[PDB]
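K.L.:
If it helps, the file is called model-v9.cif and holds mmCIF, N, CA and C atoms and all ligand atoms:
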```cif
data_coords
#
loop_
_atom_site.label_atom_id
_atom_site.label_comp_id
_atom_site.auth_asym_id
_atom_site.auth_seq_id
_atom_site.Cartn_x
_atom_site.Cartn_y
_atom_site.Cartn_z
N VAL A 398 -15.07 -23.45 0.36
CA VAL A 398 -14.77 -23.58 -1.07
C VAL A 398 -13.30 -23.25 -1.28
N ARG A 399 -12.60 -24.12 -2.01
CA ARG A 399 -11.17 -23.98 -2.22
C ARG A 399 -10.87 -24.06 -3.70
N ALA A 400 -9.67 -23.61 -4.06
CA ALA A 400 -9.20 -23.66 -5.43
C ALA A 400 -8.18 -24.77 -5.54
N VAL A 401 -8.55 -25.86 -6.21
CA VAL A 401 -7.62 -26.96 -6.44
C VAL A 401 -6.97 -26.79 -7.80
N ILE A 402 -5.64 -26.70 -7.81
CA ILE A 402 -4.86 -26.54 -9.03
C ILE A 402 -3.68 -27.49 -8.96
N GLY A 403 -3.38 -28.16 -10.07
CA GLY A 403 -2.33 -29.15 -10.07
C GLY A 403 -2.66 -30.35 -10.94
N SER A 404 -2.67 -31.54 -10.34
CA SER A 404 -3.00 -32.75 -11.08
C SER A 404 -4.49 -32.79 -11.38
N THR A 405 -4.89 -33.82 -12.14
CA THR A 405 -6.28 -33.99 -12.53
C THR A 405 -7.10 -34.38 -11.32
N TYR A 406 -7.84 -33.43 -10.77
CA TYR A 406 -8.54 -33.61 -9.51
C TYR A 406 -9.86 -34.33 -9.74
N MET A 407 -10.19 -35.23 -8.83
CA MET A 407 -11.47 -35.94 -8.82
C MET A 407 -12.22 -35.56 -7.56
N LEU A 408 -13.49 -35.19 -7.72
CA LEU A 408 -14.30 -34.73 -6.60
C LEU A 408 -14.57 -35.86 -5.61
N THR A 409 -14.45 -35.55 -4.33
CA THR A 409 -14.63 -36.55 -3.28
C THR A 409 -16.11 -36.76 -3.00
N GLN A 410 -16.41 -37.41 -1.87
CA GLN A 410 -17.79 -37.76 -1.54
C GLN A 410 -18.63 -36.54 -1.19
N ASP A 411 -18.03 -35.52 -0.59
CA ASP A 411 -18.77 -34.36 -0.10
C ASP A 411 -18.35 -33.08 -0.78
N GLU A 412 -18.07 -33.11 -2.08
CA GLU A 412 -17.67 -31.92 -2.82
C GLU A 412 -18.54 -31.76 -4.05
N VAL A 413 -18.90 -30.51 -4.35
CA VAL A 413 -19.69 -30.15 -5.51
C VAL A 413 -18.99 -28.96 -6.15
N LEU A 414 -19.08 -28.85 -7.48
CA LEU A 414 -18.47 -27.75 -8.20
C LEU A 414 -19.12 -26.42 -7.83
N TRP A 415 -18.29 -25.43 -7.52
CA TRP A 415 -18.74 -24.11 -7.11
C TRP A 415 -18.58 -23.14 -8.27
N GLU A 416 -19.66 -22.44 -8.61
CA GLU A 416 -19.66 -21.50 -9.72
C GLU A 416 -19.23 -20.14 -9.19
N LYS A 417 -18.04 -19.68 -9.60
CA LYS A 417 -17.58 -18.35 -9.22
C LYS A 417 -18.30 -17.32 -10.08
N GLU A 418 -19.09 -16.46 -9.44
CA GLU A 418 -19.82 -15.41 -10.14
C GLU A 418 -18.96 -14.15 -10.13
N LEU A 419 -18.36 -13.84 -11.27
CA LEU A 419 -17.59 -12.62 -11.40
C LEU A 419 -18.52 -11.41 -11.45
N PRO A 420 -18.05 -10.24 -11.01
CA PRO A 420 -18.86 -9.03 -11.15
C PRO A 420 -19.02 -8.66 -12.63
N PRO A 421 -20.12 -8.00 -12.99
CA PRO A 421 -20.35 -7.70 -14.41
C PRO A 421 -19.35 -6.70 -14.96
N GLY A 422 -18.92 -6.94 -16.19
CA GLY A 422 -17.88 -6.14 -16.79
C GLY A 422 -16.55 -6.86 -16.79
N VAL A 423 -16.24 -7.56 -15.69
CA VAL A 423 -14.98 -8.28 -15.57
C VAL A 423 -14.94 -9.46 -16.53
N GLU A 424 -16.09 -10.11 -16.75
CA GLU A 424 -16.16 -11.24 -17.67
C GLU A 424 -15.88 -10.81 -19.11
N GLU A 425 -16.20 -9.56 -19.45
CA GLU A 425 -15.88 -9.05 -20.77
C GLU A 425 -14.39 -8.78 -20.91
N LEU A 426 -13.74 -8.33 -19.84
CA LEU A 426 -12.33 -7.98 -19.90
C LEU A 426 -11.42 -9.20 -19.92
N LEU A 427 -11.91 -10.36 -19.50
CA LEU A 427 -11.11 -11.58 -19.59
C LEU A 427 -11.22 -12.23 -20.95
N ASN A 428 -12.40 -12.18 -21.57
CA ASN A 428 -12.56 -12.71 -22.92
C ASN A 428 -11.94 -11.78 -23.96
N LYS A 429 -12.09 -10.47 -23.77
CA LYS A 429 -11.55 -9.51 -24.74
C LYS A 429 -10.06 -9.30 -24.53
N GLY A 430 -9.65 -9.03 -23.29
CA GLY A 430 -8.25 -8.77 -23.01
C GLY A 430 -7.40 -10.01 -22.88
N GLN A 431 -7.21 -10.72 -23.99
CA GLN A 431 -6.32 -11.88 -23.97
C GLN A 431 -4.86 -11.45 -23.84
N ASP A 432 -4.49 -10.36 -24.51
CA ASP A 432 -3.14 -9.80 -24.42
C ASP A 432 -3.24 -8.29 -24.55
N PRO A 433 -3.29 -7.56 -23.43
CA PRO A 433 -3.41 -6.10 -23.49
C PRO A 433 -2.16 -5.37 -23.96
N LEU A 434 -1.01 -6.05 -24.01
CA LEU A 434 0.19 -5.45 -24.59
C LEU A 434 0.06 -5.28 -26.10
N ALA A 435 -0.64 -6.19 -26.77
CA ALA A 435 -0.89 -6.08 -28.20
C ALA A 435 -2.29 -5.61 -28.54
N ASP A 436 -3.30 -6.01 -27.77
CA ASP A 436 -4.68 -5.56 -27.97
C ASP A 436 -4.89 -4.35 -27.06
N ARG A 437 -4.51 -3.18 -27.53
CA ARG A 437 -4.69 -2.00 -26.70
C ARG A 437 -5.40 -0.87 -27.42
N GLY A 438 -5.40 -0.88 -28.76
CA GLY A 438 -6.05 0.20 -29.46
C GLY A 438 -7.54 0.28 -29.24
N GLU A 439 -8.15 -0.80 -28.74
CA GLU A 439 -9.58 -0.81 -28.46
C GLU A 439 -9.90 -1.76 -27.32
N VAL B 398 -31.83 -12.96 16.83
CA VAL B 398 -31.39 -13.26 15.48
C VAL B 398 -29.88 -13.02 15.39
N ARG B 399 -29.16 -13.98 14.85
CA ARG B 399 -27.71 -13.92 14.79
C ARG B 399 -27.25 -14.17 13.36
N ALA B 400 -26.00 -13.81 13.09
CA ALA B 400 -25.39 -14.02 11.80
C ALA B 400 -24.42 -15.18 11.93
N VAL B 401 -24.76 -16.32 11.33
CA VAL B 401 -23.87 -17.47 11.33
C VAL B 401 -23.06 -17.47 10.04
N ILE B 402 -21.74 -17.44 10.17
CA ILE B 402 -20.83 -17.44 9.04
C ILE B 402 -19.71 -18.42 9.34
N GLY B 403 -19.33 -19.22 8.35
CA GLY B 403 -18.33 -20.24 8.57
C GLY B 403 -18.62 -21.51 7.80
N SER B 404 -18.75 -22.63 8.52
CA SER B 404 -19.05 -23.90 7.88
C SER B 404 -20.51 -23.93 7.43
N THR B 405 -20.87 -25.01 6.74
CA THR B 405 -22.22 -25.18 6.21
C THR B 405 -23.18 -25.40 7.37
N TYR B 406 -23.92 -24.37 7.72
CA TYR B 406 -24.77 -24.39 8.90
C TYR B 406 -26.09 -25.08 8.60
N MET B 407 -26.56 -25.86 9.57
CA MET B 407 -27.86 -26.52 9.51
C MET B 407 -28.73 -25.97 10.63
N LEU B 408 -29.95 -25.58 10.29
CA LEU B 408 -30.86 -24.97 11.26
C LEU B 408 -31.28 -25.97 12.32
N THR B 409 -31.29 -25.53 13.57
CA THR B 409 -31.62 -26.40 14.69
C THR B 409 -33.14 -26.52 14.83
N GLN B 410 -33.58 -27.03 15.98
CA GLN B 410 -35.00 -27.29 16.19
C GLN B 410 -35.82 -26.02 16.31
N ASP B 411 -35.24 -24.95 16.86
CA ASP B 411 -35.98 -23.72 17.14
C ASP B 411 -35.43 -22.54 16.37
N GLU B 412 -35.00 -22.73 15.13
CA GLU B 412 -34.48 -21.65 14.31
C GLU B 412 -35.20 -21.59 12.98
N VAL B 413 -35.46 -20.37 12.51
CA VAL B 413 -36.11 -20.11 11.23
C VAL B 413 -35.29 -19.02 10.56
N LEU B 414 -35.23 -19.06 9.22
CA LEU B 414 -34.50 -18.07 8.46
C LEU B 414 -35.12 -16.69 8.61
N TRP B 415 -34.28 -15.70 8.91
CA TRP B 415 -34.70 -14.32 9.12
C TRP B 415 -34.38 -13.50 7.89
N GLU B 416 -35.38 -12.80 7.36
CA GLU B 416 -35.21 -11.99 6.16
C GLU B 416 -34.78 -10.59 6.58
N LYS B 417 -33.53 -10.23 6.27
CA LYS B 417 -33.06 -8.88 6.54
C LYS B 417 -33.62 -7.93 5.51
N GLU B 418 -34.44 -6.98 5.96
CA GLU B 418 -35.03 -5.99 5.07
C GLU B 418 -34.12 -4.76 5.04
N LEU B 419 -33.39 -4.60 3.95
CA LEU B 419 -32.55 -3.43 3.78
C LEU B 419 -33.42 -2.20 3.50
N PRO B 420 -32.95 -1.01 3.86
CA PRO B 420 -33.67 0.21 3.50
C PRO B 420 -33.66 0.41 1.98
N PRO B 421 -34.68 1.07 1.43
CA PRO B 421 -34.74 1.21 -0.03
C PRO B 421 -33.64 2.11 -0.56
N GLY B 422 -33.10 1.72 -1.71
CA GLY B 422 -31.96 2.41 -2.27
C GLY B 422 -30.67 1.65 -2.04
N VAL B 423 -30.52 1.06 -0.85
CA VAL B 423 -29.31 0.32 -0.51
C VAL B 423 -29.22 -0.96 -1.33
N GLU B 424 -30.37 -1.59 -1.60
CA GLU B 424 -30.39 -2.82 -2.41
C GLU B 424 -29.94 -2.55 -3.84
N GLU B 425 -30.17 -1.35 -4.34
CA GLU B 425 -29.68 -1.00 -5.67
C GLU B 425 -28.17 -0.79 -5.67
N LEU B 426 -27.63 -0.25 -4.58
CA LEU B 426 -26.20 0.04 -4.53
C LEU B 426 -25.35 -1.21 -4.31
N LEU B 427 -25.94 -2.30 -3.83
CA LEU B 427 -25.19 -3.54 -3.69
C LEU B 427 -25.18 -4.34 -4.99
N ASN B 428 -26.29 -4.31 -5.73
CA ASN B 428 -26.33 -4.99 -7.03
C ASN B 428 -25.56 -4.20 -8.08
N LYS B 429 -25.66 -2.87 -8.06
CA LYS B 429 -24.98 -2.05 -9.05
C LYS B 429 -23.51 -1.86 -8.71
N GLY B 430 -23.22 -1.48 -7.46
CA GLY B 430 -21.85 -1.23 -7.06
C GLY B 430 -21.08 -2.49 -6.69
N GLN B 431 -20.80 -3.32 -7.69
CA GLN B 431 -19.97 -4.50 -7.45
C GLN B 431 -18.52 -4.11 -7.21
N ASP B 432 -18.03 -3.11 -7.94
CA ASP B 432 -16.67 -2.60 -7.77
C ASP B 432 -16.69 -1.11 -8.07
N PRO B 433 -16.82 -0.26 -7.04
CA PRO B 433 -16.87 1.19 -7.27
C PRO B 433 -15.54 1.82 -7.67
N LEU B 434 -14.42 1.11 -7.52
CA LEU B 434 -13.15 1.59 -8.02
C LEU B 434 -13.10 1.60 -9.55
N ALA B 435 -13.77 0.64 -10.19
CA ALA B 435 -13.86 0.60 -11.64
C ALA B 435 -15.19 1.08 -12.19
N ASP B 436 -16.29 0.80 -11.50
CA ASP B 436 -17.62 1.27 -11.90
C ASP B 436 -17.87 2.58 -11.16
N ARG B 437 -17.38 3.68 -11.70
CA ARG B 437 -17.59 4.95 -11.02
C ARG B 437 -18.17 6.02 -11.94
N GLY B 438 -18.02 5.86 -13.26
CA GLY B 438 -18.55 6.88 -14.14
C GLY B 438 -20.05 7.03 -14.10
N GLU B 439 -20.76 6.04 -13.56
CA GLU B 439 -22.21 6.11 -13.44
C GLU B 439 -22.70 5.30 -12.25
N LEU C 498 -9.68 -1.04 -13.37
CA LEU C 498 -9.23 0.35 -13.44
C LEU C 498 -10.00 1.06 -14.54
N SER C 499 -10.95 1.91 -14.16
CA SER C 499 -11.68 2.71 -15.13
C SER C 499 -10.75 3.83 -15.58
N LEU C 500 -9.97 3.56 -16.62
CA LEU C 500 -8.92 4.46 -17.06
C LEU C 500 -9.49 5.57 -17.94
N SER C 501 -8.60 6.28 -18.62
CA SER C 501 -8.96 7.29 -19.60
C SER C 501 -8.36 6.91 -20.95
N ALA C 502 -9.09 7.18 -22.02
CA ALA C 502 -8.64 6.81 -23.35
C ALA C 502 -9.20 7.80 -24.36
N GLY C 503 -8.81 7.62 -25.62
CA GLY C 503 -9.23 8.51 -26.68
C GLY C 503 -8.31 9.71 -26.82
N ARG C 504 -8.61 10.55 -27.80
CA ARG C 504 -7.80 11.73 -28.00
C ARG C 504 -8.14 12.83 -27.00
N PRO C 505 -9.41 13.25 -26.93
CA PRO C 505 -9.65 14.31 -25.95
C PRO C 505 -9.65 13.86 -24.50
N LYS C 506 -9.27 12.60 -24.23
CA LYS C 506 -9.11 12.02 -22.89
C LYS C 506 -10.41 12.08 -22.08
N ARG C 507 -11.38 11.30 -22.55
CA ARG C 507 -12.60 11.08 -21.79
C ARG C 507 -12.26 10.38 -20.47
N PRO C 508 -12.91 10.75 -19.37
CA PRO C 508 -12.45 10.27 -18.06
C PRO C 508 -12.81 8.83 -17.74
N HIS C 509 -13.81 8.25 -18.39
CA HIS C 509 -14.23 6.87 -18.10
C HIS C 509 -14.35 6.10 -19.41
N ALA C 510 -13.27 5.44 -19.76
CA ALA C 510 -13.18 4.55 -20.90
C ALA C 510 -12.03 3.59 -20.64
N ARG C 511 -11.86 2.63 -21.53
CA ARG C 511 -10.82 1.62 -21.41
C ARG C 511 -10.74 0.96 -20.04
N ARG C 512 -11.85 0.47 -19.48
CA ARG C 512 -11.77 -0.21 -18.19
C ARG C 512 -10.93 -1.45 -18.37
N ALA C 513 -10.11 -1.82 -17.39
CA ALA C 513 -9.14 -2.86 -17.67
C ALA C 513 -8.56 -3.40 -16.37
N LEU C 514 -8.31 -4.71 -16.34
CA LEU C 514 -7.80 -5.36 -15.14
C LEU C 514 -6.33 -5.08 -14.91
N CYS C 515 -5.55 -4.92 -15.97
CA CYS C 515 -4.10 -4.77 -15.86
C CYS C 515 -3.71 -3.31 -15.70
N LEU C 516 -2.44 -3.11 -15.37
CA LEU C 516 -1.84 -1.78 -15.25
C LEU C 516 -0.42 -1.88 -15.76
N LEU C 517 -0.17 -1.35 -16.96
CA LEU C 517 1.16 -1.43 -17.54
C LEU C 517 2.12 -0.50 -16.83
N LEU C 518 3.33 -0.98 -16.57
CA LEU C 518 4.37 -0.19 -15.93
C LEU C 518 5.51 0.12 -16.89
N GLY C 519 5.38 -0.20 -18.16
CA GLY C 519 6.45 -0.02 -19.10
C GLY C 519 6.48 1.37 -19.68
N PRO C 520 7.56 1.70 -20.34
CA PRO C 520 7.65 3.04 -20.90
C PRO C 520 6.69 3.35 -22.04
N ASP C 521 5.39 3.44 -21.79
CA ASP C 521 4.43 3.79 -22.84
C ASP C 521 4.26 5.29 -22.98
N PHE C 522 3.22 5.71 -23.68
CA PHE C 522 2.93 7.13 -23.89
C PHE C 522 1.48 7.29 -24.31
N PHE C 523 0.80 8.29 -23.74
CA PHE C 523 -0.56 8.63 -24.16
C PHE C 523 -0.59 10.02 -24.78
N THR C 524 -1.21 10.15 -25.94
CA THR C 524 -1.30 11.42 -26.64
C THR C 524 -2.63 12.08 -26.32
N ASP C 525 -2.57 13.30 -25.77
CA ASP C 525 -3.75 14.06 -25.39
C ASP C 525 -3.72 15.43 -26.04
N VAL C 526 -4.82 15.81 -26.68
CA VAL C 526 -4.98 17.17 -27.17
C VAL C 526 -5.42 18.05 -26.01
N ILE C 527 -4.74 19.17 -25.83
CA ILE C 527 -5.12 20.15 -24.82
C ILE C 527 -5.24 21.51 -25.49
N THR C 528 -6.37 22.18 -25.27
CA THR C 528 -6.63 23.48 -25.86
C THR C 528 -6.34 24.54 -24.80
N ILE C 529 -5.23 25.26 -24.98
CA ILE C 529 -4.78 26.24 -24.01
C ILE C 529 -4.75 27.61 -24.67
N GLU C 530 -4.67 28.64 -23.84
CA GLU C 530 -4.67 30.03 -24.29
C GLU C 530 -3.33 30.65 -23.95
N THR C 531 -2.78 31.41 -24.91
CA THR C 531 -1.53 32.11 -24.71
C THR C 531 -1.78 33.45 -24.01
N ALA C 532 -0.71 34.22 -23.81
CA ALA C 532 -0.84 35.51 -23.16
C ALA C 532 -1.41 36.59 -24.07
N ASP C 533 -1.52 36.32 -25.37
CA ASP C 533 -2.09 37.26 -26.32
C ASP C 533 -3.53 36.91 -26.68
N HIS C 534 -4.19 36.10 -25.85
CA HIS C 534 -5.58 35.66 -26.02
C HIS C 534 -5.81 34.92 -27.34
N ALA C 535 -4.80 34.20 -27.80
CA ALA C 535 -4.89 33.39 -29.02
C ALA C 535 -4.86 31.93 -28.60
N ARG C 536 -6.05 31.34 -28.41
CA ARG C 536 -6.14 29.98 -27.91
C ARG C 536 -5.76 28.99 -29.00
N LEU C 537 -5.06 27.94 -28.61
CA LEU C 537 -4.52 26.98 -29.56
C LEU C 537 -4.47 25.60 -28.93
N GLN C 538 -4.83 24.59 -29.72
CA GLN C 538 -4.87 23.20 -29.26
C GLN C 538 -3.59 22.50 -29.66
N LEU C 539 -3.01 21.75 -28.73
CA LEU C 539 -1.71 21.15 -28.95
C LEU C 539 -1.65 19.78 -28.28
N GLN C 540 -0.72 18.95 -28.74
CA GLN C 540 -0.63 17.55 -28.34
C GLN C 540 0.69 17.29 -27.64
N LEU C 541 0.65 16.47 -26.59
CA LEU C 541 1.85 16.02 -25.90
C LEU C 541 1.94 14.51 -25.97
N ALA C 542 3.17 14.01 -26.07
CA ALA C 542 3.37 12.57 -26.18
C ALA C 542 3.22 11.88 -24.84
N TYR C 543 3.67 12.52 -23.75
CA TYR C 543 3.56 12.02 -22.37
C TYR C 543 4.23 10.66 -22.19
N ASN C 544 5.54 10.63 -22.37
CA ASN C 544 6.29 9.39 -22.15
C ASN C 544 6.35 9.08 -20.66
N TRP C 545 5.77 7.95 -20.26
CA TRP C 545 5.60 7.63 -18.85
C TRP C 545 6.01 6.20 -18.59
N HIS C 546 6.43 5.93 -17.35
CA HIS C 546 6.60 4.57 -16.87
C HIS C 546 6.52 4.57 -15.36
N1 LIG D 601 -5.45 -1.76 -19.99
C1 LIG D 601 -4.49 -0.86 -19.68
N2 LIG D 601 -3.78 -0.94 -18.55
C2 LIG D 601 -2.84 -0.04 -18.24
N3 LIG D 601 -2.47 0.99 -19.01
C3 LIG D 601 -3.10 1.17 -20.17
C4 LIG D 601 -4.16 0.25 -20.59
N4 LIG D 601 -4.60 0.68 -21.78
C5 LIG D 601 -3.88 1.78 -22.10
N5 LIG D 601 -3.00 2.06 -21.14
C6 LIG D 601 -2.07 3.19 -21.18
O1 LIG D 601 -2.83 4.38 -21.39
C7 LIG D 601 -2.50 4.98 -22.62
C8 LIG D 601 -3.77 5.44 -23.29
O2 LIG D 601 -3.48 5.56 -24.67
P1 LIG D 601 -4.60 6.00 -25.71
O3 LIG D 601 -5.01 7.42 -25.50
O4 LIG D 601 -5.64 4.92 -25.71
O5 LIG D 601 -3.81 5.89 -27.09
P2 LIG D 601 -2.95 7.13 -27.60
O6 LIG D 601 -2.72 8.03 -26.43
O7 LIG D 601 -3.60 7.65 -28.86
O8 LIG D 601 -1.55 6.46 -28.00
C9 LIG D 601 -0.87 5.62 -27.09
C10 LIG D 601 0.13 4.78 -27.86
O9 LIG D 601 1.15 4.34 -26.97
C11 LIG D 601 1.40 2.95 -27.10
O10 LIG D 601 1.56 2.39 -25.80
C12 LIG D 601 0.19 2.37 -27.80
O11 LIG D 601 0.62 1.39 -28.76
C13 LIG D 601 -0.53 3.54 -28.43
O12 LIG D 601 -0.36 3.58 -29.85
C14 LIG D 601 -1.84 3.90 -23.44
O13 LIG D 601 -0.82 4.43 -24.29
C15 LIG D 601 -1.26 2.95 -22.42
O14 LIG D 601 0.11 3.25 -22.12
#
```
As structure tokens, please, write out the structure in this file.
P.N.:
Amino acid sequence: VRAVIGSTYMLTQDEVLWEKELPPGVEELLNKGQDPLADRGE
Amino acid sequence: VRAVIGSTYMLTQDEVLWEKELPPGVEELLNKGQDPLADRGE
Amino acid sequence: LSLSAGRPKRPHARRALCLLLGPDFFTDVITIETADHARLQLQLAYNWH
């Protein structure tokens, strides 16, 4: 499984989308912590 | 019984999936302890 | 990073992916005792970077 970043990628014949399962708690810190320099009081 | 890690492995003619039975308590520490550097207060 | 936050500085709060290196400051109340057995709570700004 690789991370393709760049142009608009099209899946080849033998590729399927891989679901990255983040550890619990981390998913809250990415949605909540959009900018921790300004969002810091809570 | 061996641990195959790497490419997408396909079972041969004389291989069956082996269920690793962890000791009790350890299975809780792998599901709960995803990141003990951040998840440490409990 | 399971950091510390709040006034009395609870040890497990403000969990967070980032770590600021800028000149910030955390205010903590600390209740200390003097040499005359007159305990008093006081605050420090703690300018850190
Ligand atoms: N996600 C984070 N990553 C790294 N460092 C952090 C994070 N969140 C807070 N910190 C640091 O830990 C300190 C904890 O502060 P708190 O006790 O939550 O707030 P308080 O001490 O009352 O006041 C701090 C004050 O300083 C300013 O940086 C901030 O605007 C706040 O008003 C913060 O000031 C900040 O510098």
K.L.:
As a quick test: using only N, CA and C atoms and all ligand atoms, which residues lie no more than 5 Å away from ligand LIG 601 (chain D)? Give them as a VMD selection string.
P.N.:
chain C and resid 502 to 503 513 515 to 517 521 to 524
K.L.:
I'd like a table as a Markdown table: residues in chain B with an atom no more than 7 Å from chain C, each row giving the shortest atom pair and its distance in Å to one decimal, all atoms listed in the file counted, sorted by chain and rising residue number.
P.N.:
```
| residue | atom | partner | partner_atom | distance |
| --- | --- | --- | --- | --- |
| B:434 | C | C:499 | N | 5.1 |
| B:435 | CA | C:499 | N | 4.1 |
| B:436 | N | C:499 | N | 6.1 |
| B:437 | N | C:499 | CA | 6.7 |
| B:438 | CA | C:509 | CA | 5.9 |
```
K.L.:
Select all residues from chain B having any atom no more than 12 Å from an atom of chain A (counting only C-alpha atoms, ignoring ligands), output as number ranges by chain.
P.N.:
B: 403-405, 427-433, 435-436
K.L.:
How would chain B read as a compact mmCIF listing (two decimals) with N, CA and C atoms, keeping the file's coordinate frame after a least-squares superposition onto chain A over every Cα atom, matched in order?
P.N.:
```txt
# COMPACT_ATOMS: atom_id res chain seq x y z
N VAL B 398 -15.07 -23.44 0.35
CA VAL B 398 -14.77 -23.58 -1.06
C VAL B 398 -13.29 -23.26 -1.29
N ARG B 399 -12.60 -24.12 -2.01
CA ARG B 399 -11.17 -23.98 -2.21
C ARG B 399 -10.87 -24.06 -3.70
N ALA B 400 -9.67 -23.61 -4.06
CA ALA B 400 -9.20 -23.65 -5.43
C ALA B 400 -8.18 -24.77 -5.53
N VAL B 401 -8.55 -25.86 -6.22
CA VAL B 401 -7.62 -26.96 -6.44
C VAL B 401 -6.96 -26.78 -7.80
N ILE B 402 -5.64 -26.70 -7.81
CA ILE B 402 -4.86 -26.54 -9.03
C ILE B 402 -3.68 -27.49 -8.96
N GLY B 403 -3.38 -28.16 -10.07
CA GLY B 403 -2.33 -29.15 -10.07
C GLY B 403 -2.66 -30.34 -10.94
N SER B 404 -2.67 -31.54 -10.34
CA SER B 404 -2.99 -32.74 -11.09
C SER B 404 -4.49 -32.80 -11.38
N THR B 405 -4.89 -33.81 -12.14
CA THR B 405 -6.28 -33.99 -12.54
C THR B 405 -7.10 -34.38 -11.31
N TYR B 406 -7.83 -33.43 -10.77
CA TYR B 406 -8.54 -33.61 -9.52
C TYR B 406 -9.86 -34.33 -9.75
N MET B 407 -10.19 -35.23 -8.83
CA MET B 407 -11.47 -35.94 -8.82
C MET B 407 -12.23 -35.55 -7.56
N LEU B 408 -13.49 -35.19 -7.72
CA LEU B 408 -14.31 -34.73 -6.59
C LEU B 408 -14.57 -35.86 -5.61
N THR B 409 -14.45 -35.55 -4.33
CA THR B 409 -14.63 -36.55 -3.28
C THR B 409 -16.11 -36.76 -3.00
N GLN B 410 -16.40 -37.41 -1.87
CA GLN B 410 -17.78 -37.76 -1.54
C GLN B 410 -18.63 -36.55 -1.19
N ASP B 411 -18.03 -35.52 -0.59
CA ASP B 411 -18.77 -34.36 -0.10
C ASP B 411 -18.36 -33.08 -0.78
N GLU B 412 -18.06 -33.11 -2.08
CA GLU B 412 -17.68 -31.93 -2.82
C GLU B 412 -18.54 -31.76 -4.05
N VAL B 413 -18.90 -30.51 -4.35
CA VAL B 413 -19.69 -30.15 -5.52
C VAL B 413 -18.99 -28.95 -6.15
N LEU B 414 -19.08 -28.85 -7.48
CA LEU B 414 -18.48 -27.75 -8.20
C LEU B 414 -19.13 -26.42 -7.83
N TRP B 415 -18.29 -25.43 -7.51
CA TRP B 415 -18.73 -24.11 -7.11
C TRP B 415 -18.58 -23.14 -8.27
N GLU B 416 -19.66 -22.44 -8.60
CA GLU B 416 -19.66 -21.50 -9.72
C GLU B 416 -19.23 -20.13 -9.19
N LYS B 417 -18.04 -19.68 -9.59
CA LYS B 417 -17.59 -18.35 -9.23
C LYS B 417 -18.29 -17.32 -10.08
N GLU B 418 -19.09 -16.47 -9.44
CA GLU B 418 -19.81 -15.41 -10.14
C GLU B 418 -18.95 -14.15 -10.13
N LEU B 419 -18.36 -13.84 -11.27
CA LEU B 419 -17.58 -12.62 -11.40
C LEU B 419 -18.52 -11.41 -11.45
N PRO B 420 -18.06 -10.24 -11.01
CA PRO B 420 -18.86 -9.02 -11.15
C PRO B 420 -19.02 -8.66 -12.63
N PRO B 421 -20.12 -8.00 -12.99
CA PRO B 421 -20.35 -7.70 -14.41
C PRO B 421 -19.35 -6.70 -14.95
N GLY B 422 -18.93 -6.94 -16.19
CA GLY B 422 -17.88 -6.14 -16.79
C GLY B 422 -16.55 -6.86 -16.78
N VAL B 423 -16.24 -7.57 -15.69
CA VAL B 423 -14.98 -8.28 -15.57
C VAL B 423 -14.94 -9.46 -16.53
N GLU B 424 -16.09 -10.11 -16.74
CA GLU B 424 -16.15 -11.25 -17.68
C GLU B 424 -15.88 -10.80 -19.11
N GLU B 425 -16.20 -9.57 -19.45
CA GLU B 425 -15.88 -9.06 -20.77
C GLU B 425 -14.39 -8.78 -20.91
N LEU B 426 -13.75 -8.33 -19.83
CA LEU B 426 -12.33 -7.98 -19.91
C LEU B 426 -11.42 -9.21 -19.92
N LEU B 427 -11.91 -10.37 -19.50
CA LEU B 427 -11.11 -11.58 -19.58
C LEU B 427 -11.22 -12.23 -20.96
N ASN B 428 -12.40 -12.18 -21.57
CA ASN B 428 -12.56 -12.71 -22.92
C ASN B 428 -11.94 -11.78 -23.95
N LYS B 429 -12.09 -10.47 -23.78
CA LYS B 429 -11.55 -9.51 -24.73
C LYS B 429 -10.06 -9.29 -24.54
N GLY B 430 -9.65 -9.04 -23.29
CA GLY B 430 -8.25 -8.76 -23.01
C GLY B 430 -7.40 -10.02 -22.87
N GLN B 431 -7.20 -10.72 -23.98
CA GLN B 431 -6.31 -11.88 -23.97
C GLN B 431 -4.86 -11.45 -23.84
N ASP B 432 -4.49 -10.36 -24.50
CA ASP B 432 -3.14 -9.80 -24.43
C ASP B 432 -3.24 -8.29 -24.55
N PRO B 433 -3.29 -7.57 -23.43
CA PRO B 433 -3.41 -6.10 -23.49
C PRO B 433 -2.16 -5.37 -23.96
N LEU B 434 -1.01 -6.04 -24.01
CA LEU B 434 0.18 -5.45 -24.58
C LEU B 434 0.06 -5.27 -26.10
N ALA B 435 -0.64 -6.19 -26.77
CA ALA B 435 -0.89 -6.08 -28.19
C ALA B 435 -2.29 -5.61 -28.54
N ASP B 436 -3.30 -6.01 -27.77
CA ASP B 436 -4.68 -5.56 -27.97
C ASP B 436 -4.89 -4.35 -27.07
N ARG B 437 -4.51 -3.18 -27.53
CA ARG B 437 -4.68 -2.00 -26.70
C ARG B 437 -5.40 -0.87 -27.42
N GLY B 438 -5.39 -0.88 -28.76
CA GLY B 438 -6.05 0.20 -29.46
C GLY B 438 -7.54 0.28 -29.24
N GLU B 439 -8.15 -0.80 -28.74
CA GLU B 439 -9.58 -0.81 -28.46
C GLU B 439 -9.91 -1.76 -27.32
```
K.L.:
Dump as a ChimeraX atom specification all residues having an atom at most 6.5 Å from (-34.6, -13.6, 12.1), computed in the file's coordinates with only N, CA and C atoms.
P.N.:
/B:398-399,413-416
K.L.:
Near residue 537 in chain C, counting only N, CA and C atoms, which residues have an atom at most 6 Å away, once you skip same-chain residues fewer than 3 positions from it, shown as a count of residues only?
P.N.:
5
K.L.:
Just the number, please: distance in Å from CA of residue 525 in chain C to CA of residue 439 in chain B, one decimal.
P.N.:
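CA of residue 439 in chain B lies at a distance of 23.4 Å from CA of residue 525 in chain C.
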K.L.:
What is the distance, in Å and to one decimal place, between CA of residue 400 in chain A and atom N of residue 417 in chain A?
P.N.:
10.6 Å
K.L.:
What is the distance, in Å and to one decimal place, between CA of residue 519 in chain C and CA of residue 545 in chain C?
P.N.:
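These atoms are spaced 7.7 Å apart.
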